[PDB]
Structure formats: structure tokens, C-alpha cells
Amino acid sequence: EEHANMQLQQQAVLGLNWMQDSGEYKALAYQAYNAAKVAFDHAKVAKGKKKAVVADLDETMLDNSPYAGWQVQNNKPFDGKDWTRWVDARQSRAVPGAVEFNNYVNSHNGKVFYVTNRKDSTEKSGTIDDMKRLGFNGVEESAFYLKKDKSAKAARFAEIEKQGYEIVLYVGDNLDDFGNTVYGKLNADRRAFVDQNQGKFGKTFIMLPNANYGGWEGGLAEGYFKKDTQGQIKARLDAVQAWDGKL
């Protein structure tokens, strides 16, 4: 139903305006990357290890908001086939502060590795071209751990460690950018993970804001991503906590 597709995508509009237009969003990005530099400079690693920073790409270092805008204008639910075309379009932007932080790490005895769910086989060329264009240093192919067979990221983190790196901090917009312990879990478990790691945020786990999509969306209801459009609308509305209007 076109009506349902429209309602689902209209629900993203205000958060998209915030991400695309607000100074507040930029300020949060700068806050994150300012904190990240402090953490990187403070970090010490075990003898014999090289210093690594793990960074997510989508909505962490790369800004894909025009794809979300296209979804709104065309009443299009997320589809990986459209995403691949977006990546190939080579119109990604940089999240504020990301290039400077990336290049600083890479010139100060660290290496940023991009652990990203852009697809290795179909989305790599556009990703690398955009990052070169946007000014990122250190974007040789071996810096990337793009998605092959699994969206969960912990195994890729382990690959980096096997290459003699100690990961000093992680940057992301999704809790699944910090490990696998709440991957595929609902939001109660995800909030619990955050509470259990309260002191790490802004230190070793650096957060960027994303009000548009992520593991928190699937976290709204059991089986969310397999529901039809009407089901996803209902899951979102049922998750709302509302004042009853009384004293």
C-alpha cells in the first residue's frame, strides 16, 4: 500500500530535518570528535602493540542523509538494492569533525580501521572514491573491513587485533559498533548494555547521533524487520510512551 509507505516514511521527517539542518547536530558531531581526540591522545597500549582506532562509516564518518531524503520524497522503505545505487552515486558527505580526527589519528602513531556494513563486493568502489574526495587520509583498501557474510562486527574487530593492533577506542552511531553483546536484541537489553558501560561513553566508546535508522529501530519489537509496513508503523506507535493528559 502506497498509503502505508508514505506514513512510515513521513515519521522520519522531523528527525531528518534535525540531522540535516540543525546546528545542534553539528555540535554533537564536534563534541564526539573532540572527545575522541582526547581519548586517543591519552591512550596507552600494551608493549609491542600498534595503536588502532575502529570507526564505523555510515552516520559516523559518512553522512548518507540525502538517501533518507529520497526515501521521504518517494515513500520508499529501506531496500538494500536502492542503497547500493546510492553508494554507487558517489554523493556521500562527511560527518563534521570526522576527517580531521581520522587524519590526526593516522598522522600521530595510530591507524583508523573502517569496520562498516557497506558491502565489500558491491559497495567498496563508491565508498573509497567518496572518502578520497572528502579528504580522508589512509583509505587504501586494507584499511577497510567491509561486510562480507555477517553484519555483526566483533569478528572484524578480532581480525584487527590479530594483525598486532590494540584498539584504543571505537566510534559509532549504533551500539553494535562497540561489539556483539546486544546485536539483534530488543531495546531493553540495549539500554541495559549502555547502563552497564556508562563510564565508557565519550572515552573508549564514542557516540554519534542517528535518529533515522539503526539497531534501535529493529529493537522496537520482536521480529520488527520481518514485519510488513503496517506492522512496522504499529510497532513504532506502540512503542510511544505518552502522558495521559491528567494530573
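In this text, residue numbers run from 1 along the sequence as written.
Looking at 110-118 and 81-89 together, the entry lists the larger mean B-factor for 81-89, computed on C-alpha atoms.
The question of which stretch, 236-244 or 4-12, has the higher mean Cα B factor is settled in favour of 4-12. Within the selection 72, 168, 171, 139, the deposited Cα B-factor values reach their highest point at 72. Looking only at 176, 100, 123, 149, the residue with the top Cα B factor in the deposited structure is 149. When the modelled residues of the chain are ordered by their C-alpha B factor, residue 37 lands in the lowest third. For residue 48, the recorded CA temperature factor ranks within the highest third of the chain's modelled residues. Sorting the modelled residues of the chain by their CA temperature factor places residue 68 in the middle third. Looking at the C-alpha B-factors along this chain, the one for residue 56 belongs to the lowest third. When all modelled residues of the chain are sorted by CA temperature factor, residue 194 is found within the lowest third.
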